[PDB]
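# Observations on the model geometry
Chain by chain, the residues run as shown.
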Amino acid sequence: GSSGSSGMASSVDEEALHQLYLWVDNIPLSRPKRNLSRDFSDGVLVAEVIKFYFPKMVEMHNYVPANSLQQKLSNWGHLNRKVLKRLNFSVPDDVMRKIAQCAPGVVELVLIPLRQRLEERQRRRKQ
């Protein structure tokens, strides 16, 4: 069909999730076959999504993929003052802790708005 929706949804429905789950797949990301909620948690995956829109912004030189919470959080923390910051995006530690802990819905609550922001930069007439 087509992108159609009657009335403005004040809250987020269960459908919204799916739409966000598909959007990711659509984008050509250098990643194998595996859940998106289990990967994103890592963090290094988020920096990739941006690369598509803004490759320059991303560096992918400091961040390192690991399998330990310690590193996980350590990585996110920076991405908050290295990436988010640029996107005038801010988030408390309490929220992050959950993200790194591969928490369902938590990290997603940031993915929805995350994309909305990126676009905000596209339109912006940056010189």
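Residues numbered from 1 in each chain as written, not as in the entry; some residues may be left out. Heavy atoms only, no water.

Its PDB header attributes the entry to solution NMR.

### Description of the overall build of the protein
A tally of regular secondary structure across the protein gives six helices and zero strands. For the protein, the α and β elements follow one another from N to C terminus as α-α-α-α-α-α. For 127 residues, the compact-globule formula gives about 14 Å, and the C-alpha radius of gyration of the protein, at 15 Å, lands near that figure. Along the first, second and third principal axes, the C-alpha atoms of the protein reach 45 × 40 × 30 Å. Counting across all 127 residues of the protein, residues that qualify as buried make up 34%. When contacts within the protein are restricted to residue pairs at least 6 apart in sequence, those whose partners lie at least 24 apart make up 56%. Entry remark: accessible area of the protein is about 9500 Å², with carbon and sulfur atoms responsible for 47%. (Helix = DSSP H or I, 4+ residues; strand = E, 2+ residues; numbered from the N terminus. Rg over C-alpha atoms; globule rule 2.2 N^0.38 Å. Buried < 20%, exposed > 50% of the residue type's maximum accessible area, 1.4 Å probe, protein only. Contact = heavy atoms within 4.5 Å. Areas by Shrake-Rupley, 256 points an atom, 1.4 Å probe, with all protein chains shown as cover.)

### Points about the packing of helix 1 (residues 14–26) against helix 6 (residues 108–123)
Look at helix 1 against helix 6: their axes get within 11 Å of each other, and the N-to-C directions meet at 65 degrees. Comparing their axes, helix 6 and helix 1 come out roughly perpendicular. In this structure, helix 1 meets helix 6 at a crossing whose hand is left-handed. Here helix 1 contributes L17, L20 and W23 to the contact with helix 6, which in turn contributes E108, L111, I112 and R115. (Axes fitted to C-alpha atoms, helices over the stretch in contact; angles between N-to-C directions. Parallel < 35°, antiparallel > 145°, perpendicular 65-115°, else oblique. Left-handed = near helix turned anticlockwise from the far one by under 90°.)

### With respect to the side chain of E108
Mapped onto the elements of the fold, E108 is located in helix 6. Although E108 lies buried, it forms no salt bridge, and the closest oppositely charged side chain, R115, sits 11 Å away as judged by the N-O distance. Ignoring sequence-local partners within four residues, the contact set of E108 consists of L17, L20 and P113. (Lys, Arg positive; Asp, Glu negative; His and termini not counted. Salt bridge = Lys/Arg side-chain N within 4 Å of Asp/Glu carboxyl O.)

### Here's the deal with the pattern of salt bridges
Scanning all chains against the criterion turns up three salt bridges. One salt bridge in this structure joins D93 and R97, with 3.7 Å as the shortest N-O distance. Of this pair, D93 and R97 both sit in helix 5 (residues 93–100), four residues apart, which is roughly one turn of that helix. The exposure class of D93 is partly exposed, given its relative accessible area of 43%. For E119, the salt bridge is made with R115, and the minimal N-O distance between the two is 2.5 Å. Separated by four residues within a single helix, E119 and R115 lie in helix 6, roughly one turn from each other.

### A short note on empty space enclosed by the protein
As enumerated under the stated definition, the model contains three cavities of 30 Å³ or more in all. Quantified by volume, the largest cavity comes out at close to 60 Å³. For the lining of the largest cavity, the elements supplying multiple residues, two or more each, are helix 1, helix 2 (36–40) and helix 6. For the lining of the largest cavity, the leading source of residues is helix 2, giving three residues. Of the residues belonging to the lining of the largest cavity, the class tally is seven nonpolar, two polar and one charged. Reported here for the second largest cavity is a volume of approximately 50 Å³. (1 Å grid on protein atoms, 1.4 Å probe; cavity = no way out; pocket = protein on both sides within 12 Å on 5 of 7 lines; lining within 4 Å. Points joined across faces, edges and corners; volume = space filled by probe spheres on them. Nonpolar A, V, L, I, M, F, W, Y, C, P; charged D, E, K, R; others polar.)

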